[PDB]
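Asks: Dropping the structure in here first, questions after.
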Ligand SMILES: [Zn+2]
Ligand SMILES: [Zn+2]
């Protein structure tokens, strides 16, 4: 039943690759969330949040990775694939993951405010939608949560500078 | 509380425009669902399902329309906008609609199998996500449901021809 296509070291490698995607968003002053989609032990799609830069509301890490994975495979179906994402996917991405037919998802830290996999909803395991995704969580959670904390602190600092310049 | 930026005739015009988008998908042998996003009485985004053609799993009508609307406005935020879609948005699109901050959504026929607005979930009015979208349904439902029925019949016919050619 429970599948294990990759060792813990392999999984760690992939999540760290997603964290590197996460760093791209951070550097661009955006929610530091990264994602990588793997097929046969090879990453076929990468993504990071880029809503502000792209001016696209759907441009979350998972969506970018899915588009890349589909392009790579030249198919909207992403069977026998594993998706690694630093933070629990929101409702939109969860729905997208189900539509892509991705059977395996591994995320780092949970998303208590917008989480659609375990937190607010359980879209990837919902029988009505018949999504039967094997979900794993906790992989490098500390790091995934840490870069997010860095983002928020930097955000307050940027907001403080802006407030100062507007004033006088 | 309840807003009415457009008359019933204006709404009908926009849904018919979404039905025209729906016809594009039908012609390409895809789920005939169309969508239009309106701002200040003007359509700023159009979309239709094109998963098979684009090989993109997220390429539903609403997603295509949102990307177009964001591009038009050069902003991921789609405030003071109204989205018209022939069929009740699925979970992915509903989530996307919430992320775009679209305050008004009008759909034709309901989606009893994958509906994320009223059928399976109520994402657009979920307090946890604080989405406070004004939802209207039923606009030209008969037509929206009709073109879908046409799609399924044509699908069976295409499947029958394919079965015949494979055989002998
Ligand atoms: Zn998301
Ligand atoms: Zn959808």
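The chain as shown is numbered from 1 upward.
Quick check of the header: X-ray crystallography, 2.0 Å.
Each Cβ is built from the backbone N, Cα and C atoms, and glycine gets one as well.
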Asks: For the Zn(2+) site that Swiss-Prot gives with A:90, A:93, which of A:48, A:60, A:131 also belongs there?
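Replies: Among A:48, A:60, A:131, only A:60 appears alongside A:90, A:93 as Zn(2+)-binding in Swiss-Prot.
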Asks: Cβ distance under 8 Å to residue A:93 (Zn(2+) binding site), same chain, sequence separation 6 or more: which residues?
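Replies: Non-local contacts for residue A:93 (Zn(2+) binding site): A:60, A:61, A:62, A:63, A:85, A:116.
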Asks: Go through A:60, A:62, A:90, our recorded positions, and report the one whose Cβ sees the most other Cβ atoms within 10 Å.
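Replies: When each Cβ's neighbours within 10 Å are tallied, A:62 tops the list.
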